[PDB]
Structures are given as structure tokens and as C-alpha cells.
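S.K.: The structure's right below; bear with me while I get my questions together.
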Amino acid sequence: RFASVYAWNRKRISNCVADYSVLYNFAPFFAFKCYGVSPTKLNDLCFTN
Amino acid sequence: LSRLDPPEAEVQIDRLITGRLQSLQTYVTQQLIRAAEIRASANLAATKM
Amino acid sequence: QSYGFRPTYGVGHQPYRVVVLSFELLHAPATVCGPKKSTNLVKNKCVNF
Amino acid sequence: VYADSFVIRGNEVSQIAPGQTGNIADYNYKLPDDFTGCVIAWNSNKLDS
């Protein structure tokens, strides 16, 4: 039940151990477009929020 | 380097390097002129001596 | 391991067929040449070769 | 000239490029950072199903 475009729900992720590689299992993920950080160098960084 | 993959790290580093070379050239360009002026003053001092 | 490729899987999970052609484009003796017709030779004359 | 032929998953198509890592590009098949040539990847769900 993903919300409508004019009212989009913001989800904040707190302190965790994020692994940006299990995403490919959940959804087909035909395209992975990124600006700035590249998906190659994505699993070895620390983020503010 | 850590945040970005090589494919476009090349172009980013190209920008940075061309900027820093352009910055570095001006230093020696001004140094040559200042050295020439100091040499002229030194020649005058030698004549006075 | 082994992927399970089925028609039920969504787009992106379907297998893709890939072939790559790698060349050796540099100054070296030729072995493969494209469609062109040879011609005669001239000497001591400003020409395009 | 050489022709290399194989079959992969759809999500790993973008991984066949210079300076990329992951699963397919780090353990199975690696391309050099200065590859010159062409690649051709197309759907084959009609056959592999």
C-alpha cells in the first residue's frame, strides 16, 4: 500500500548495520541509478542519517 | 577516491589536476619577474659598491 | 550455485545472453581488415596515403 | 580480435564494465580498466525458460 504521490511517506532509518546488497532479492531492480556515491563503493561508508 | 568508482574518478581527478596545475604555474611566473627585478637592484648595488 | 530461470520470474531476473568483442587497435601488422579495395602506387608526388 | 560468449542474470548486466566489483565482476569475470571494443547483451527468455 505504497502511498500516493502527493502525500509521500518519509521513513527515517536510525543507527543500524545497513547492507546495500540484499536489495536485489526483494525487488527486480532493473536499474540502480545513483548521484554522487556510486553503487560500487556503497557497502563501505558511514552515513550521518 | 573512496566514495567514487574509477570510471568517473578519472574525470574528477582530471578537473582537480588541471586546476592545481593552473594554480601552480602562476607562482613561478611571478617568481621569475620578481627575481629579475631583484637582479637589477643587485647590479645597481654592485656598481655602488 | 545455480540460478533458477523460469518464465514466472519478473523482468530483470530473466537470463540475458552476452557476447563481447575485444580488439587490438594499435600499430601492429594487420590480420583482419574491413571492406576496402586496393589500388596502385605512386612515388615522388604529394599524395594521401 | 576475440569474441567472448556467455550468459548472465539481468541485474548483473551493468557489472560488465571497467572498474566495477561485486559478485560477477569480482569472482567470475573481470574486465580491464582500459578495455576497447564492444559488448552486446540481449534478452533470451524465449529460449532459456
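Residue names in the C-alpha cells use chain letters A, B, ... in the order shown, residue numbers from 1 in each chain, and ligand numbers from 1 in the order shown.
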For chain D against chain B, which residues fall within 8 Å using only C-alpha atoms, given as a list in words?

M.R.: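 Within 8 Å of chain B on chain D, we get residues 18, 19 and 20 of chain D.
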
S.K.: I want to know what sits within 10 Å of residue 1 in chain B, based on only C-alpha atoms, with residues of the same chain fewer than 3 positions away left out; could you give that as a count of residues only?

M.R.: 8

S.K.: Given a cut-off of 12 Å, which residues of chain A touch chain B, counting only C-alpha atoms, written out as an mmCIF file with C-alpha atoms, in the first residue's frame?

M.R.:
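To be explicit, this is the file written out as iface.cif:
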```
data_model
loop_
_atom_site.group_PDB
_atom_site.id
_atom_site.type_symbol
_atom_site.label_atom_id
_atom_site.label_comp_id
_atom_site.auth_asym_id
_atom_site.auth_seq_id
_atom_site.Cartn_x
_atom_site.Cartn_y
_atom_site.Cartn_z
ATOM 1 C CA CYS A 34 22.806 7.000 -8.192
ATOM 2 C CA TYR A 35 24.087 10.570 -7.991
ATOM 3 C CA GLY A 36 27.326 11.264 -6.167
ATOM 4 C CA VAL A 37 28.109 7.999 -4.404
ATOM 5 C CA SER A 38 28.413 5.104 -6.825
ATOM 6 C CA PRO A 39 26.775 1.736 -6.034
ATOM 7 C CA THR A 40 30.163 0.023 -6.335
ATOM 8 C CA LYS A 41 31.638 1.945 -3.381
ATOM 9 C CA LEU A 42 28.410 1.687 -1.393
ATOM 10 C CA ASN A 43 28.911 -1.003 1.266
ATOM 11 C CA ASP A 44 31.969 0.579 2.936
ATOM 12 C CA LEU A 45 30.868 4.009 4.157
ATOM 13 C CA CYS A 46 29.353 5.611 7.251
ATOM 14 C CA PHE A 47 26.414 7.997 6.899
#
```

S.K.: With only C-alpha atoms as the counted atoms, please give the residues lying no more than 7 Å from residue 2 in chain D, apart from itself and same-chain residues fewer than 5 positions off, as a ChimeraX atom specification.

M.R.: /C:21-23

S.K.: For C-alpha atoms, I'd like the residues from the last selection saved as a short mmCIF file (atom, residue, chain, number, x, y, z; two decimals), in the first residue's frame.

M.R.:
```cif
data_model
loop_
_atom_site.label_atom_id
_atom_site.label_comp_id
_atom_site.auth_asym_id
_atom_site.auth_seq_id
_atom_site.Cartn_x
_atom_site.Cartn_y
_atom_site.Cartn_z
CA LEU C 21 34.27 -8.32 -28.97
CA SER C 22 37.78 -7.31 -27.91
CA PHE C 23 40.10 -5.63 -30.43
#
```

S.K.: Would you give me, as a Markdown table, each residue of chain D having an atom within 6 Å of an atom of chain C, along with its shortest atom pair and that distance in Å to one decimal, using only C-alpha atoms and sorting by chain and residue number?

M.R.:
```
| residue | atom | partner | partner_atom | distance |
| --- | --- | --- | --- | --- |
| D:1 | CA | C:23 | CA | 4.7 |
| D:2 | CA | C:22 | CA | 5.3 |
| D:3 | CA | C:21 | CA | 4.7 |
| D:4 | CA | C:20 | CA | 5.3 |
| D:5 | CA | C:19 | CA | 4.4 |
| D:6 | CA | C:18 | CA | 5.6 |
| D:7 | CA | C:17 | CA | 4.5 |
| D:8 | CA | C:16 | CA | 5.5 |
| D:9 | CA | C:15 | CA | 4.7 |
| D:10 | CA | C:12 | CA | 4.7 |
| D:11 | CA | C:12 | CA | 5.7 |
| D:37 | CA | C:22 | CA | 4.8 |
| D:38 | CA | C:21 | CA | 5.3 |
| D:39 | CA | C:20 | CA | 4.3 |
| D:40 | CA | C:19 | CA | 5.4 |
| D:41 | CA | C:18 | CA | 4.2 |
| D:42 | CA | C:17 | CA | 5.4 |
| D:43 | CA | C:16 | CA | 4.8 |
| D:44 | CA | C:16 | CA | 5.6 |
| D:49 | CA | C:6 | CA | 5.1 |
```

S.K.: Write the residues you've just listed into a file as a PDB file, in the first residue's frame, and include N, CA, C and O atoms for each of them.

M.R.:
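Output below, filename again_31.pdb:
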```
ATOM      1  N   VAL D   1      41.448 -10.141 -33.040  1.00  0.00           N
ATOM      2  CA  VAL D   1      40.147  -9.910 -32.428  1.00  0.00           C
ATOM      3  C   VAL D   1      39.649 -11.190 -31.771  1.00  0.00           C
ATOM      4  O   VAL D   1      39.844 -12.296 -32.293  1.00  0.00           O
ATOM      5  N   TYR D   2      39.020 -11.032 -30.608  1.00  0.00           N
ATOM      6  CA  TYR D   2      38.487 -12.150 -29.844  1.00  0.00           C
ATOM      7  C   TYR D   2      37.018 -11.909 -29.537  1.00  0.00           C
ATOM      8  O   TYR D   2      36.591 -10.765 -29.352  1.00  0.00           O
ATOM      9  N   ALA D   3      36.246 -12.992 -29.484  1.00  0.00           N
ATOM     10  CA  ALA D   3      34.834 -12.942 -29.135  1.00  0.00           C
ATOM     11  C   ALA D   3      34.599 -13.849 -27.937  1.00  0.00           C
ATOM     12  O   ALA D   3      34.854 -15.055 -28.009  1.00  0.00           O
ATOM     13  N   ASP D   4      34.110 -13.269 -26.843  1.00  0.00           N
ATOM     14  CA  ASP D   4      33.835 -13.998 -25.612  1.00  0.00           C
ATOM     15  C   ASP D   4      32.329 -14.084 -25.422  1.00  0.00           C
ATOM     16  O   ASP D   4      31.635 -13.065 -25.479  1.00  0.00           O
ATOM     17  N   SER D   5      31.828 -15.291 -25.191  1.00  0.00           N
ATOM     18  CA  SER D   5      30.396 -15.543 -25.175  1.00  0.00           C
ATOM     19  C   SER D   5      29.997 -16.235 -23.881  1.00  0.00           C
ATOM     20  O   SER D   5      30.654 -17.196 -23.461  1.00  0.00           O
ATOM     21  N   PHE D   6      28.924 -15.742 -23.251  1.00  0.00           N
ATOM     22  CA  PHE D   6      28.371 -16.387 -22.059  1.00  0.00           C
ATOM     23  C   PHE D   6      26.974 -15.828 -21.791  1.00  0.00           C
ATOM     24  O   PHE D   6      26.421 -15.055 -22.582  1.00  0.00           O
ATOM     25  N   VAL D   7      26.396 -16.253 -20.667  1.00  0.00           N
ATOM     26  CA  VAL D   7      25.042 -15.889 -20.267  1.00  0.00           C
ATOM     27  C   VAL D   7      25.050 -15.550 -18.783  1.00  0.00           C
ATOM     28  O   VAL D   7      25.723 -16.218 -17.989  1.00  0.00           O
ATOM     29  N   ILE D   8      24.323 -14.495 -18.410  1.00  0.00           N
ATOM     30  CA  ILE D   8      24.321 -13.969 -17.049  1.00  0.00           C
ATOM     31  C   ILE D   8      22.885 -13.654 -16.641  1.00  0.00           C
ATOM     32  O   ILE D   8      21.932 -13.923 -17.374  1.00  0.00           O
ATOM     33  N   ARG D   9      22.738 -13.089 -15.447  1.00  0.00           N
ATOM     34  CA  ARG D   9      21.459 -12.578 -14.980  1.00  0.00           C
ATOM     35  C   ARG D   9      21.299 -11.117 -15.401  1.00  0.00           C
ATOM     36  O   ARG D   9      22.274 -10.407 -15.653  1.00  0.00           O
ATOM     37  N   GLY D  10      20.041 -10.676 -15.475  1.00  0.00           N
ATOM     38  CA  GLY D  10      19.765  -9.325 -15.936  1.00  0.00           C
ATOM     39  C   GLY D  10      20.344  -8.253 -15.033  1.00  0.00           C
ATOM     40  O   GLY D  10      20.884  -7.252 -15.512  1.00  0.00           O
ATOM     41  N   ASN D  11      20.243  -8.443 -13.717  1.00  0.00           N
ATOM     42  CA  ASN D  11      20.721  -7.441 -12.770  1.00  0.00           C
ATOM     43  C   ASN D  11      22.231  -7.255 -12.809  1.00  0.00           C
ATOM     44  O   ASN D  11      22.727  -6.257 -12.273  1.00  0.00           O
ATOM     45  N   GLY D  37      36.565  -2.000 -27.309  1.00  0.00           N
ATOM     46  CA  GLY D  37      35.812  -2.940 -28.115  1.00  0.00           C
ATOM     47  C   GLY D  37      34.321  -2.705 -28.030  1.00  0.00           C
ATOM     48  O   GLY D  37      33.875  -1.557 -27.948  1.00  0.00           O
ATOM     49  N   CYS D  38      33.534  -3.778 -28.050  1.00  0.00           N
ATOM     50  CA  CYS D  38      32.088  -3.649 -27.931  1.00  0.00           C
ATOM     51  C   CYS D  38      31.538  -4.780 -27.077  1.00  0.00           C
ATOM     52  O   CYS D  38      32.147  -5.844 -26.952  1.00  0.00           O
ATOM     53  N   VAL D  39      30.375  -4.532 -26.480  1.00  0.00           N
ATOM     54  CA  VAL D  39      29.617  -5.555 -25.770  1.00  0.00           C
ATOM     55  C   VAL D  39      28.207  -5.569 -26.338  1.00  0.00           C
ATOM     56  O   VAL D  39      27.703  -4.549 -26.820  1.00  0.00           O
ATOM     57  N   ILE D  40      27.574  -6.739 -26.303  1.00  0.00           N
ATOM     58  CA  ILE D  40      26.229  -6.916 -26.835  1.00  0.00           C
ATOM     59  C   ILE D  40      25.496  -7.871 -25.903  1.00  0.00           C
ATOM     60  O   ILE D  40      25.846  -9.053 -25.822  1.00  0.00           O
ATOM     61  N   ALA D  41      24.487  -7.364 -25.199  1.00  0.00           N
ATOM     62  CA  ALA D  41      23.666  -8.163 -24.302  1.00  0.00           C
ATOM     63  C   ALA D  41      22.204  -8.029 -24.700  1.00  0.00           C
ATOM     64  O   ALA D  41      21.712  -6.917 -24.919  1.00  0.00           O
ATOM     65  N   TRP D  42      21.509  -9.161 -24.791  1.00  0.00           N
ATOM     66  CA  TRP D  42      20.116  -9.132 -25.211  1.00  0.00           C
ATOM     67  C   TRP D  42      19.319 -10.189 -24.459  1.00  0.00           C
ATOM     68  O   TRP D  42      19.870 -11.149 -23.914  1.00  0.00           O
ATOM     69  N   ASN D  43      18.005  -9.986 -24.426  1.00  0.00           N
ATOM     70  CA  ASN D  43      17.114 -10.911 -23.742  1.00  0.00           C
ATOM     71  C   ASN D  43      17.040 -12.238 -24.486  1.00  0.00           C
ATOM     72  O   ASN D  43      17.041 -12.282 -25.718  1.00  0.00           O
ATOM     73  N   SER D  44      16.963 -13.327 -23.721  1.00  0.00           N
ATOM     74  CA  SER D  44      16.828 -14.659 -24.294  1.00  0.00           C
ATOM     75  C   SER D  44      15.805 -15.488 -23.526  1.00  0.00           C
ATOM     76  O   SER D  44      15.940 -16.713 -23.431  1.00  0.00           O
ATOM     77  N   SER D  49      13.873 -20.798 -20.651  1.00  0.00           N
ATOM     78  CA  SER D  49      12.641 -20.673 -19.878  1.00  0.00           C
ATOM     79  C   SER D  49      12.218 -22.070 -19.453  1.00  0.00           C
ATOM     80  O   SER D  49      11.699 -22.835 -20.271  1.00  0.00           O
TER      81      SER D  49
END
```

S.K.: What's the 8 Å shell around residue 31 in chain D, counting only C-alpha atoms, without same-chain residues fewer than 2 positions away, as a ChimeraX atom specification?

M.R.: /D:16-19,25,29,33,35

S.K.: Only residues of chain A matter here; which ones have an atom within 8 Å of chain D, counting only C-alpha atoms? Give them as an NGL selection string.

M.R.: :A and (24 or 28-31 or 40)

S.K.: Would you list, as a count of residues only, the residues of chain A that end up in alpha helix (DSSP H) under DSSP run on this structure's backbone?

M.R.: 4

S.K.: How many Å separate CA of residue 21 in chain A from CA of residue 27 in chain D?

M.R.: 15.9 Å

S.K.: What does the distance from CA of residue 49 in chain A to CA of residue 15 in chain A come to in Å, to one decimal?

M.R.: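 Value for the CA of residue 49 in chain A-CA of residue 15 in chain A distance: 8.2 Å.
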
S.K.: Among chain C, which residues does DSSP mark as strand (DSSP E) when it is run on the backbone? Keep the chain and numbering as in the structure and answer as a count of residues only.

M.R.: 8
